[PDB]
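Participant: Structure: query-v6.txt, compact mmCIF, C-alpha atoms and all ligand atoms.
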# COMPACT_ATOMS: atom_id res chain seq x y z
CA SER L 1 57.06 -8.06 -44.76
CA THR L 2 54.14 -7.91 -42.31
CA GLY L 3 50.57 -6.67 -42.18
CA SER L 4 48.20 -5.63 -39.42
CA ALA L 5 44.49 -4.78 -39.66
CA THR L 6 41.71 -4.06 -37.17
CA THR L 7 38.68 -6.33 -37.26
CA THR L 8 35.32 -5.12 -35.95
CA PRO L 9 32.11 -6.95 -34.95
CA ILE L 10 29.27 -6.28 -37.37
CA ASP L 11 26.60 -6.05 -34.65
CA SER L 12 26.00 -6.12 -30.90
CA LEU L 13 26.16 -9.94 -30.73
CA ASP L 14 29.53 -10.47 -32.47
CA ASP L 15 27.73 -12.45 -35.19
CA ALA L 16 30.68 -11.82 -37.51
CA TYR L 17 33.74 -9.60 -37.89
CA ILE L 18 34.71 -7.38 -40.81
CA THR L 19 38.20 -6.20 -41.76
CA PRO L 20 38.96 -3.50 -44.37
CA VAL L 21 40.79 -4.79 -47.45
CA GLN L 22 42.17 -2.72 -50.33
CA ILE L 23 41.56 -4.14 -53.81
CA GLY L 24 42.71 -2.76 -57.14
CA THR L 25 44.46 0.39 -58.38
CA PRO L 26 43.51 2.91 -57.20
CA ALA L 27 42.44 1.15 -54.01
CA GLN L 28 38.82 0.14 -53.56
CA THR L 29 38.27 -0.58 -49.87
CA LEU L 30 35.83 -3.37 -49.03
CA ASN L 31 34.98 -4.82 -45.61
CA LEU L 32 35.57 -8.57 -45.80
CA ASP L 33 34.77 -11.44 -43.43
CA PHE L 34 38.06 -13.25 -42.74
CA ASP L 35 37.14 -16.94 -42.79
CA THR L 36 39.62 -19.63 -41.71
CA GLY L 37 36.97 -22.21 -42.69
CA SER L 38 37.02 -21.48 -46.43
CA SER L 39 39.54 -20.71 -49.15
CA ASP L 40 37.87 -18.32 -51.62
CA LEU L 41 38.30 -14.55 -51.74
CA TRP L 42 35.00 -13.35 -53.20
CA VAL L 43 33.36 -9.93 -53.29
CA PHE L 44 30.16 -8.19 -54.19
CA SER L 45 30.87 -6.50 -57.50
CA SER L 46 29.45 -4.47 -60.37
CA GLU L 47 28.66 -7.88 -61.92
CA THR L 48 26.38 -9.00 -59.08
CA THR L 49 22.68 -9.35 -59.92
CA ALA L 50 21.33 -5.92 -59.03
CA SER L 51 18.35 -7.22 -57.04
CA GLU L 52 20.78 -9.22 -54.85
CA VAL L 53 22.76 -6.19 -53.61
CA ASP L 54 21.37 -4.29 -50.60
CA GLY L 55 23.84 -1.69 -49.30
CA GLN L 56 27.11 -3.59 -49.78
CA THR L 57 30.15 -1.83 -51.20
CA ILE L 58 30.94 -3.34 -54.60
CA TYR L 59 34.23 -4.03 -56.34
CA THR L 60 34.30 -2.56 -59.87
CA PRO L 61 37.06 -4.26 -61.89
CA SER L 62 36.55 -1.87 -64.83
CA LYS L 63 37.91 0.96 -62.64
CA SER L 64 41.09 -0.88 -61.57
CA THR L 65 44.13 -0.46 -63.83
CA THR L 66 45.62 -3.70 -62.45
CA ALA L 67 42.55 -5.94 -62.81
CA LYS L 68 42.78 -8.77 -65.35
CA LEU L 69 39.98 -11.17 -66.22
CA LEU L 70 41.06 -14.78 -65.68
CA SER L 71 39.78 -16.18 -68.96
CA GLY L 72 37.34 -19.07 -68.63
CA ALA L 73 37.56 -19.32 -64.83
CA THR L 74 34.42 -19.67 -62.71
CA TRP L 75 33.72 -20.34 -59.05
CA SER L 76 30.83 -21.69 -57.00
CA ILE L 77 30.77 -22.23 -53.24
CA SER L 78 28.31 -23.62 -50.70
CA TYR L 79 28.86 -23.03 -46.99
CA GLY L 80 27.90 -25.32 -44.12
CA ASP L 81 25.00 -23.01 -43.23
CA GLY L 82 23.40 -23.37 -46.67
CA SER L 83 24.59 -20.03 -48.07
CA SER L 84 26.08 -19.96 -51.55
CA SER L 85 27.53 -17.66 -54.21
CA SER L 86 29.16 -17.93 -57.64
CA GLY L 87 30.63 -15.90 -60.49
CA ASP L 88 33.82 -15.29 -62.46
CA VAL L 89 37.40 -14.48 -61.51
CA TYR L 90 39.75 -11.53 -61.81
CA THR L 91 43.32 -11.13 -60.70
CA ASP L 92 44.21 -7.86 -58.99
CA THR L 93 46.35 -6.29 -56.30
CA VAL L 94 45.07 -6.96 -52.77
CA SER L 95 46.41 -5.30 -49.62
CA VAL L 96 45.63 -6.04 -45.96
CA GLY L 97 46.95 -3.54 -43.43
CA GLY L 98 50.11 -2.69 -45.37
CA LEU L 99 50.71 -6.22 -46.72
CA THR L 100 50.37 -6.32 -50.51
CA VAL L 101 49.91 -9.27 -52.88
CA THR L 102 49.91 -8.83 -56.64
CA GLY L 103 47.99 -11.17 -58.90
CA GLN L 104 45.60 -12.35 -56.21
CA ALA L 105 42.53 -14.17 -57.49
CA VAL L 106 39.54 -11.93 -56.73
CA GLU L 107 36.31 -13.85 -57.30
CA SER L 108 33.52 -11.60 -58.55
CA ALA L 109 30.05 -12.63 -57.41
CA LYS L 110 27.43 -12.78 -60.14
CA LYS L 111 24.90 -14.51 -57.86
CA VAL L 112 24.67 -14.55 -54.06
CA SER L 113 22.26 -16.28 -51.70
CA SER L 114 19.70 -14.35 -49.67
CA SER L 115 21.70 -14.56 -46.43
CA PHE L 116 24.48 -12.52 -48.04
CA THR L 117 22.12 -9.92 -49.56
CA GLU L 118 20.48 -9.29 -46.18
CA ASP L 119 23.90 -8.71 -44.50
CA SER L 120 24.58 -5.13 -45.60
CA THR L 121 27.79 -4.94 -43.53
CA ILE L 122 29.73 -7.78 -45.23
CA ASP L 123 31.11 -7.00 -48.70
CA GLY L 124 32.62 -10.45 -49.20
CA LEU L 125 34.78 -13.15 -47.67
CA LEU L 126 38.54 -13.62 -47.44
CA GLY L 127 39.29 -17.32 -47.12
CA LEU L 128 42.18 -18.45 -44.92
CA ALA L 129 41.84 -22.24 -44.91
CA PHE L 130 44.19 -24.28 -47.10
CA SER L 131 44.22 -23.66 -50.84
CA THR L 132 43.05 -27.21 -51.59
CA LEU L 133 39.49 -26.03 -50.81
CA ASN L 134 39.46 -23.18 -53.34
CA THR L 135 36.56 -23.58 -55.77
CA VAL L 136 37.97 -21.86 -58.87
CA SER L 137 37.66 -24.05 -61.97
CA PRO L 138 39.30 -25.31 -64.12
CA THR L 139 42.46 -23.88 -62.48
CA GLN L 140 42.48 -23.83 -58.67
CA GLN L 141 43.66 -20.56 -57.11
CA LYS L 142 45.70 -19.79 -53.99
CA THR L 143 44.50 -17.94 -50.91
CA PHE L 144 45.77 -14.51 -49.89
CA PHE L 145 47.83 -16.15 -47.14
CA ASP L 146 49.45 -18.71 -49.45
CA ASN L 147 50.36 -15.96 -51.93
CA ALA L 148 51.85 -13.79 -49.16
CA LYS L 149 53.70 -16.61 -47.36
CA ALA L 150 57.07 -16.29 -49.11
CA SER L 151 57.44 -12.56 -48.39
CA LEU L 152 56.22 -12.74 -44.79
CA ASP L 153 58.82 -12.46 -42.05
CA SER L 154 57.26 -15.61 -40.55
CA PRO L 155 54.66 -17.80 -42.32
CA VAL L 156 52.01 -17.10 -39.68
CA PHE L 157 48.91 -15.08 -39.09
CA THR L 158 47.18 -14.45 -35.79
CA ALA L 159 43.56 -13.84 -34.85
CA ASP L 160 42.82 -11.66 -31.81
CA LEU L 161 39.04 -11.28 -31.87
CA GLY L 162 37.37 -8.95 -29.38
CA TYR L 163 34.31 -9.52 -27.21
CA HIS L 164 31.88 -6.73 -28.18
CA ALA L 165 34.98 -4.80 -29.22
CA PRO L 166 37.48 -4.46 -32.08
CA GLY L 167 40.36 -6.87 -32.50
CA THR L 168 43.35 -7.51 -34.74
CA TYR L 169 44.47 -9.77 -37.58
CA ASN L 170 48.27 -9.81 -37.90
CA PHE L 171 50.22 -11.35 -40.80
CA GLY L 172 53.86 -12.38 -40.57
CA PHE L 173 54.63 -11.73 -36.89
CA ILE L 174 53.45 -12.65 -33.40
CA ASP L 175 52.67 -9.73 -31.07
CA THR L 176 54.06 -10.86 -27.72
CA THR L 177 52.26 -7.96 -25.99
CA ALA L 178 48.81 -9.24 -27.03
CA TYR L 179 48.59 -12.33 -24.79
CA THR L 180 49.45 -13.52 -21.29
CA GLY L 181 51.56 -16.50 -20.30
CA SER L 182 52.78 -18.85 -23.02
CA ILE L 183 51.44 -19.98 -26.38
CA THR L 184 50.59 -23.70 -26.49
CA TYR L 185 50.98 -25.23 -29.94
CA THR L 186 49.09 -28.29 -31.13
CA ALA L 187 49.21 -30.41 -34.26
CA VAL L 188 47.06 -29.65 -37.31
CA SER L 189 45.68 -32.09 -39.88
CA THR L 190 45.25 -30.60 -43.35
CA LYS L 191 43.65 -33.74 -44.81
CA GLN L 192 40.25 -32.05 -45.12
CA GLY L 193 41.65 -28.62 -46.02
CA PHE L 194 40.76 -27.09 -42.64
CA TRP L 195 42.74 -25.90 -39.64
CA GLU L 196 41.79 -29.17 -37.95
CA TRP L 197 43.11 -30.06 -34.50
CA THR L 198 42.29 -32.12 -31.40
CA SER L 199 41.19 -30.55 -28.12
CA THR L 200 42.15 -32.52 -25.02
CA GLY L 201 38.90 -32.08 -23.11
CA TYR L 202 36.55 -29.69 -21.37
CA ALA L 203 35.05 -28.46 -18.12
CA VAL L 204 31.74 -26.77 -17.29
CA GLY L 205 31.99 -23.87 -14.85
CA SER L 206 34.11 -24.82 -11.85
CA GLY L 207 33.52 -28.52 -12.50
CA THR L 208 36.15 -31.20 -12.94
CA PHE L 209 38.01 -31.27 -16.25
CA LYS L 210 37.02 -34.21 -18.47
CA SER L 211 39.96 -35.56 -20.48
CA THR L 212 38.60 -36.61 -23.87
CA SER L 213 39.69 -36.01 -27.46
CA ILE L 214 37.50 -33.59 -29.43
CA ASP L 215 38.53 -33.22 -33.07
CA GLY L 216 37.40 -29.96 -34.64
CA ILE L 217 38.31 -27.00 -36.80
CA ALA L 218 39.35 -23.46 -35.88
CA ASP L 219 36.88 -21.38 -37.91
CA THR L 220 36.80 -17.58 -37.64
CA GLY L 221 33.92 -17.67 -40.15
CA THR L 222 31.50 -19.49 -37.83
CA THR L 223 29.78 -17.57 -35.03
CA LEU L 224 29.08 -20.24 -32.42
CA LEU L 225 30.79 -23.20 -30.76
CA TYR L 226 29.56 -26.55 -32.12
CA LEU L 227 30.52 -29.58 -30.02
CA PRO L 228 29.36 -33.20 -29.63
CA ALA L 229 25.93 -33.78 -28.13
CA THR L 230 27.33 -35.34 -24.94
CA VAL L 231 29.44 -32.25 -24.20
CA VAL L 232 26.67 -29.79 -25.07
CA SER L 233 24.14 -31.65 -22.92
CA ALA L 234 26.57 -31.56 -19.99
CA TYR L 235 26.92 -27.79 -20.33
CA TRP L 236 23.25 -26.86 -20.59
CA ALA L 237 22.33 -29.24 -17.77
CA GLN L 238 23.96 -26.67 -15.47
CA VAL L 239 21.63 -23.84 -16.60
CA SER L 240 18.26 -23.81 -14.86
CA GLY L 241 15.45 -23.94 -17.41
CA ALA L 242 17.63 -24.52 -20.48
CA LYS L 243 16.31 -26.94 -23.08
CA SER L 244 16.82 -27.95 -26.68
CA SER L 245 14.10 -26.37 -28.82
CA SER L 246 13.30 -27.98 -32.17
CA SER L 247 11.27 -24.99 -33.37
CA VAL L 248 14.11 -22.61 -32.53
CA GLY L 249 16.79 -25.05 -33.70
CA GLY L 250 19.05 -25.35 -30.69
CA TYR L 251 19.46 -24.85 -26.98
CA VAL L 252 17.67 -21.87 -25.46
CA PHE L 253 17.70 -20.65 -21.87
CA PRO L 254 15.81 -18.12 -19.74
CA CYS L 255 17.32 -14.69 -20.32
CA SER L 256 17.39 -14.15 -16.52
CA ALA L 257 19.83 -17.04 -16.00
CA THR L 258 23.56 -16.64 -15.39
CA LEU L 259 25.70 -18.78 -17.59
CA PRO L 260 28.66 -20.87 -16.44
CA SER L 261 32.00 -20.61 -18.15
CA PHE L 262 33.25 -23.29 -20.55
CA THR L 263 36.85 -24.51 -20.55
CA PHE L 264 38.48 -26.36 -23.44
CA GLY L 265 41.86 -28.07 -23.45
CA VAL L 266 44.82 -27.33 -25.69
CA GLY L 267 47.46 -29.90 -24.87
CA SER L 268 48.08 -29.39 -21.16
CA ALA L 269 46.81 -25.79 -21.26
CA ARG L 270 43.26 -24.52 -20.70
CA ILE L 271 41.28 -21.79 -22.45
CA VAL L 272 38.34 -20.43 -20.43
CA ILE L 273 35.34 -18.98 -22.26
CA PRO L 274 33.45 -16.63 -19.88
CA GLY L 275 29.76 -17.40 -19.50
CA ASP L 276 28.77 -14.00 -20.91
CA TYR L 277 30.39 -14.99 -24.24
CA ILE L 278 27.78 -17.76 -24.56
CA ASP L 279 24.72 -15.46 -24.34
CA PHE L 280 23.40 -14.57 -27.79
CA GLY L 281 20.32 -12.72 -26.62
CA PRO L 282 16.58 -13.13 -27.13
CA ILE L 283 15.45 -15.49 -29.89
CA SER L 284 13.05 -12.75 -31.05
CA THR L 285 12.64 -9.09 -30.12
CA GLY L 286 11.09 -8.83 -26.67
CA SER L 287 11.36 -12.55 -25.90
CA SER L 288 12.51 -13.77 -22.50
CA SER L 289 14.05 -16.90 -24.06
CA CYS L 290 17.68 -16.42 -25.07
CA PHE L 291 19.80 -18.32 -27.59
CA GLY L 292 22.86 -20.28 -26.47
CA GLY L 293 26.32 -19.89 -27.96
CA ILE L 294 27.21 -23.57 -27.49
CA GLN L 295 25.24 -25.91 -29.77
CA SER L 296 25.38 -29.52 -30.92
CA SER L 297 27.47 -30.53 -33.93
CA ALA L 298 25.44 -33.71 -34.45
CA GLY L 299 23.67 -32.43 -37.55
CA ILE L 300 26.87 -30.93 -38.99
CA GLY L 301 29.35 -33.81 -39.12
CA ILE L 302 32.30 -31.91 -37.64
CA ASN L 303 33.04 -29.95 -34.48
CA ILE L 304 33.58 -26.22 -34.99
CA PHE L 305 35.57 -23.95 -32.68
CA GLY L 306 33.94 -20.76 -33.94
CA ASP L 307 34.17 -17.16 -32.78
CA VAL L 308 32.67 -17.92 -29.34
CA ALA L 309 35.73 -20.04 -28.56
CA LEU L 310 38.39 -18.22 -30.58
CA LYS L 311 37.66 -14.75 -29.17
CA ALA L 312 38.56 -16.06 -25.69
CA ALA L 313 42.13 -16.68 -26.90
CA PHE L 314 45.04 -15.30 -28.88
CA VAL L 315 45.23 -17.75 -31.79
CA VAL L 316 48.29 -18.43 -33.97
CA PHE L 317 47.77 -19.99 -37.39
CA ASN L 318 51.27 -21.31 -38.19
CA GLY L 319 51.48 -22.04 -41.91
CA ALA L 320 54.95 -23.57 -41.83
CA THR L 321 55.64 -26.73 -43.82
CA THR L 322 54.29 -28.66 -40.84
CA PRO L 323 51.36 -26.43 -39.82
CA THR L 324 50.36 -25.96 -36.20
CA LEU L 325 47.83 -23.97 -34.17
CA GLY L 326 48.83 -21.92 -31.14
CA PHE L 327 46.50 -20.85 -28.34
CA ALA L 328 47.22 -18.43 -25.52
CA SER L 329 45.13 -16.75 -22.85
CA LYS L 330 44.66 -12.99 -23.07
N1 LIG S 401 33.44 -20.91 -42.12
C1 LIG S 401 33.42 -21.71 -43.33
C2 LIG S 401 32.84 -23.09 -43.04
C3 LIG S 401 31.48 -23.24 -42.82
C4 LIG S 401 30.95 -24.49 -42.55
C5 LIG S 401 31.79 -25.59 -42.51
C6 LIG S 401 31.24 -26.99 -42.22
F1 LIG S 401 29.89 -26.92 -42.00
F2 LIG S 401 31.50 -27.78 -43.30
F3 LIG S 401 31.86 -27.50 -41.12
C7 LIG S 401 33.15 -25.44 -42.72
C8 LIG S 401 33.67 -24.19 -42.98
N1 LIG S 402 31.05 -19.53 -42.68
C1 LIG S 402 31.15 -18.63 -43.81
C2 LIG S 402 29.97 -17.67 -43.71
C3 LIG S 402 30.14 -16.41 -43.18
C4 LIG S 402 29.06 -15.55 -43.08
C5 LIG S 402 27.81 -15.97 -43.51
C6 LIG S 402 26.62 -15.03 -43.40
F1 LIG S 402 26.67 -14.39 -42.20
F2 LIG S 402 26.65 -14.11 -44.41
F3 LIG S 402 25.47 -15.77 -43.49
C7 LIG S 402 27.64 -17.24 -44.04
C8 LIG S 402 28.72 -18.10 -44.13
Before anything else, please render the file you have as structure tokens.
Ligand SMILES: NCc1ccc(C(F)(F)F)cc1
Ligand SMILES: NCc1ccc(C(F)(F)F)cc1
Facilitator:
Amino acid sequence: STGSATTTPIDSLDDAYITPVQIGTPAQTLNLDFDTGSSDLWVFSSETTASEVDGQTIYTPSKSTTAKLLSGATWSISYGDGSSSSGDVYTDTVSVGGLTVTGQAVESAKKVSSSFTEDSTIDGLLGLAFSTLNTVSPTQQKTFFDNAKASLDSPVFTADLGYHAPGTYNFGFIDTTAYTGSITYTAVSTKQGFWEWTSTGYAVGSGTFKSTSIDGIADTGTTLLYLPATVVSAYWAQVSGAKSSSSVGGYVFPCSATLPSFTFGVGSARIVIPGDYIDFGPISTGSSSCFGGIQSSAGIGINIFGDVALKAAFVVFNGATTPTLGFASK
């Protein structure tokens, strides 16, 4: 079997992407944030503290004839940005673009942090990292991908994120019409539960390519590109007037500047991020200082190839017994 679903940016800056997902019987359609950096499928629900819901569509298990409460199971998650949520667990039927999984663990939020309440466009998250990171206790639960793997034509899913435009998540097949040239595959380490890989270097604009190993994770759930301080300093040094701002919390640049592209290495291949992808607009309404899409990972502890990098490529998440990541230009 296969599945295919359109994913859409939630705002004019591509801060995140939402994908419709059908849950329950009859279907309840929620718009979820597909997150290859986490492994929990959790949703706003009828059980969520009422004051913590502000426009989101909620899952109501009491209206699904296939929902079953998973007795005694709870979940609690904290994300690298300080957001958090928690609740109890149902099993139900979950479908993504024609691809159906029965008995998927659907984690019902009882409490959500403020950053989720204020995001009216995101009804929950669909985790696509490895199931070892799932937070359900006392019995760990599998991700949607792990549950679907056996019935997929190929144990893969692909991310084709758009720049200020819709894109596609495909499950079980690789669309050879969606990219140019060849796909370059690279090894993945699952030891931390992430889609962790090693980039072979970088270049700034038309500058010379620097061969150097950058270990990081492919994370559709993170907006920006977080790289080591040496790399990030080399990039912003090429933008007149750019500086690191402690009060803002990252590199900013004059909104009148033109940004250079950023190239990152995948084996012997190169993925080029256009400079426009790195502009995230004024730091406040009406400001002439703009926020940069490439930031330092120093305070994080790990390098993150987020949406800024991934949307410049066609990305294959190969969940075979030896997992790999594939990158192609598009
Ligand atoms: N998108 C999920 C996510 C968020 C943060 C991190 C961090 F901070 F631990 F790297 C990993 C995964
Ligand atoms: N990396 C997972 C994640 C995704 C979205 C959010 C937001 F946007 F709701 F804050 C937080 C954390």
Participant: If you take every atom of ligand LIG 401 (chain S) that the file lists and fit an axis-aligned box around them with 5 Å extra on each side, what centre and edge lengths come out in Å to one decimal, as JSON?
Facilitator:
{"center_x": 31.8, "center_y": -24.3, "center_z": -42.2, "size_x": 13.8, "size_y": 16.9, "size_z": 12.2}
Participant: Please check which protein, DNA or RNA residues sit within 12 Å of ligand LIG 401 (chain S), counting all atoms listed in the file, and write them as a PDB file with C-alpha atoms, keeping the file's coordinate frame.
Facilitator:
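File produced: part_12.pdb:
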ATOM      1  CA  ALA L  16      30.680 -11.820 -37.510  1.00  0.00           C
ATOM      2  CA  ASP L  33      34.770 -11.440 -43.430  1.00  0.00           C
ATOM      3  CA  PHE L  34      38.060 -13.250 -42.740  1.00  0.00           C
ATOM      4  CA  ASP L  35      37.140 -16.940 -42.790  1.00  0.00           C
ATOM      5  CA  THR L  36      39.620 -19.630 -41.710  1.00  0.00           C
ATOM      6  CA  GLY L  37      36.970 -22.210 -42.690  1.00  0.00           C
ATOM      7  CA  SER L  38      37.020 -21.480 -46.430  1.00  0.00           C
ATOM      8  CA  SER L  39      39.540 -20.710 -49.150  1.00  0.00           C
ATOM      9  CA  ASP L  40      37.870 -18.320 -51.620  1.00  0.00           C
ATOM     10  CA  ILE L  77      30.770 -22.230 -53.240  1.00  0.00           C
ATOM     11  CA  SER L  78      28.310 -23.620 -50.700  1.00  0.00           C
ATOM     12  CA  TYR L  79      28.860 -23.030 -46.990  1.00  0.00           C
ATOM     13  CA  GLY L  80      27.900 -25.320 -44.120  1.00  0.00           C
ATOM     14  CA  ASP L  81      25.000 -23.010 -43.230  1.00  0.00           C
ATOM     15  CA  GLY L  82      23.400 -23.370 -46.670  1.00  0.00           C
ATOM     16  CA  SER L  83      24.590 -20.030 -48.070  1.00  0.00           C
ATOM     17  CA  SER L  84      26.080 -19.960 -51.550  1.00  0.00           C
ATOM     18  CA  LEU L 125      34.780 -13.150 -47.670  1.00  0.00           C
ATOM     19  CA  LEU L 126      38.540 -13.620 -47.440  1.00  0.00           C
ATOM     20  CA  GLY L 127      39.290 -17.320 -47.120  1.00  0.00           C
ATOM     21  CA  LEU L 128      42.180 -18.450 -44.920  1.00  0.00           C
ATOM     22  CA  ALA L 129      41.840 -22.240 -44.910  1.00  0.00           C
ATOM     23  CA  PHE L 130      44.190 -24.280 -47.100  1.00  0.00           C
ATOM     24  CA  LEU L 133      39.490 -26.030 -50.810  1.00  0.00           C
ATOM     25  CA  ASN L 134      39.460 -23.180 -53.340  1.00  0.00           C
ATOM     26  CA  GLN L 192      40.250 -32.050 -45.120  1.00  0.00           C
ATOM     27  CA  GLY L 193      41.650 -28.620 -46.020  1.00  0.00           C
ATOM     28  CA  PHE L 194      40.760 -27.090 -42.640  1.00  0.00           C
ATOM     29  CA  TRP L 195      42.740 -25.900 -39.640  1.00  0.00           C
ATOM     30  CA  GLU L 196      41.790 -29.170 -37.950  1.00  0.00           C
ATOM     31  CA  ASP L 215      38.530 -33.220 -33.070  1.00  0.00           C
ATOM     32  CA  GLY L 216      37.400 -29.960 -34.640  1.00  0.00           C
ATOM     33  CA  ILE L 217      38.310 -27.000 -36.800  1.00  0.00           C
ATOM     34  CA  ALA L 218      39.350 -23.460 -35.880  1.00  0.00           C
ATOM     35  CA  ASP L 219      36.880 -21.380 -37.910  1.00  0.00           C
ATOM     36  CA  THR L 220      36.800 -17.580 -37.640  1.00  0.00           C
ATOM     37  CA  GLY L 221      33.920 -17.670 -40.150  1.00  0.00           C
ATOM     38  CA  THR L 222      31.500 -19.490 -37.830  1.00  0.00           C
ATOM     39  CA  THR L 223      29.780 -17.570 -35.030  1.00  0.00           C
ATOM     40  CA  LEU L 224      29.080 -20.240 -32.420  1.00  0.00           C
ATOM     41  CA  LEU L 225      30.790 -23.200 -30.760  1.00  0.00           C
ATOM     42  CA  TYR L 226      29.560 -26.550 -32.120  1.00  0.00           C
ATOM     43  CA  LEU L 227      30.520 -29.580 -30.020  1.00  0.00           C
ATOM     44  CA  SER L 297      27.470 -30.530 -33.930  1.00  0.00           C
ATOM     45  CA  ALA L 298      25.440 -33.710 -34.450  1.00  0.00           C
ATOM     46  CA  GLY L 299      23.670 -32.430 -37.550  1.00  0.00           C
ATOM     47  CA  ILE L 300      26.870 -30.930 -38.990  1.00  0.00           C
ATOM     48  CA  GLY L 301      29.350 -33.810 -39.120  1.00  0.00           C
ATOM     49  CA  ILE L 302      32.300 -31.910 -37.640  1.00  0.00           C
ATOM     50  CA  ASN L 303      33.040 -29.950 -34.480  1.00  0.00           C
ATOM     51  CA  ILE L 304      33.580 -26.220 -34.990  1.00  0.00           C
ATOM     52  CA  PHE L 305      35.570 -23.950 -32.680  1.00  0.00           C
ATOM     53  CA  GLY L 306      33.940 -20.760 -33.940  1.00  0.00           C
ATOM     54  CA  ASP L 307      34.170 -17.160 -32.780  1.00  0.00           C
TER      55      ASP L 307
END
Participant: Just give me the gap between atom CA of residue L:203 and atom CA of residue L:234 in Å, one decimal is fine.
Facilitator: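 About the pair atom CA of residue L:203 and atom CA of residue L:234: they are 9.2 Å apart.
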Participant: For ligand LIG 402 (chain S), which residue out of L:122, L:23, L:18, L:41 is the nearest one, using only C-alpha atoms and all ligand atoms?
Facilitator: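 Looking only at the distances to ligand LIG 402 (chain S), the closest residue turns out to be L:122.
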Participant: Considering only C-alpha atoms and all ligand atoms, can you say which of L:113, L:7, L:100, L:211 comes closest to ligand LIG 402 (chain S)?
Facilitator: L:113
Participant: With all atoms listed in the file as the basis for distance, which of L:170, L:268, L:115, L:104 is at the shortest distance from ligand LIG 402 (chain S)?
Facilitator: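 Between L:170, L:268, L:115, L:104, the residue approaching ligand LIG 402 (chain S) most closely is L:115.
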Participant: Show me, as a list in words, the residues that have an atom within 9 Å of residue L:317 when counting only C-alpha atoms, minus same-chain residues fewer than 6 positions from it.
Facilitator: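 Final neighbour list, sorted by chain and number: residues 155, 156, 157, 158, 159, 195, 323, 324, 325 and 326 of chain L.
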Participant: Set the distance at 9 Å and use all atoms listed in the file: which residues neighbour residue L:43 once local chain neighbours fewer than 2 positions away are removed? I'd like the list as number ranges by chain.
Facilitator: L: 30, 32, 41, 45, 57-59, 106-109, 123-126
Participant: Please, what distance in Å, to one decimal, runs between atom CA of residue L:4 and atom CA of residue L:168?
Facilitator: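 Separation of atom CA of residue L:4 and atom CA of residue L:168: 7.0 Å.
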Participant: Using all atoms listed in the file, can you list as a list in words the residues within 8 Å of (59.9, -11.3, -45.2)?
Facilitator: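 Collected hits near the coordinates: residues 1, 2, 150, 151, 152, 153, 154 and 172 of chain L.
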Participant: List as a PDB file with C-alpha atoms, in the coordinates of the input the protein and nucleic acid residues near residue L:165, meaning an atom at most 12 Å away when all atoms listed in the file are counted, but skip any in the same chain fewer than 5 places from it.
Facilitator:
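Output below, filename around-v8.pdb:
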ATOM      1  CA  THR L   6      41.710  -4.060 -37.170  1.00  0.00           C
ATOM      2  CA  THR L   7      38.680  -6.330 -37.260  1.00  0.00           C
ATOM      3  CA  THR L   8      35.320  -5.120 -35.950  1.00  0.00           C
ATOM      4  CA  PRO L   9      32.110  -6.950 -34.950  1.00  0.00           C
ATOM      5  CA  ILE L  10      29.270  -6.280 -37.370  1.00  0.00           C
ATOM      6  CA  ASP L  11      26.600  -6.050 -34.650  1.00  0.00           C
ATOM      7  CA  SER L  12      26.000  -6.120 -30.900  1.00  0.00           C
ATOM      8  CA  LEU L  13      26.160  -9.940 -30.730  1.00  0.00           C
ATOM      9  CA  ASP L  14      29.530 -10.470 -32.470  1.00  0.00           C
ATOM     10  CA  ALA L  16      30.680 -11.820 -37.510  1.00  0.00           C
ATOM     11  CA  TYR L  17      33.740  -9.600 -37.890  1.00  0.00           C
ATOM     12  CA  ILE L  18      34.710  -7.380 -40.810  1.00  0.00           C
ATOM     13  CA  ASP L 160      42.820 -11.660 -31.810  1.00  0.00           C
ATOM     14  CA  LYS L 311      37.660 -14.750 -29.170  1.00  0.00           C
TER      15      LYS L 311
END
Participant: Looking at L:233, L:256, L:296, L:25, which one is nearest to residue L:282, with distances taken over all atoms listed in the file?
Facilitator: L:256
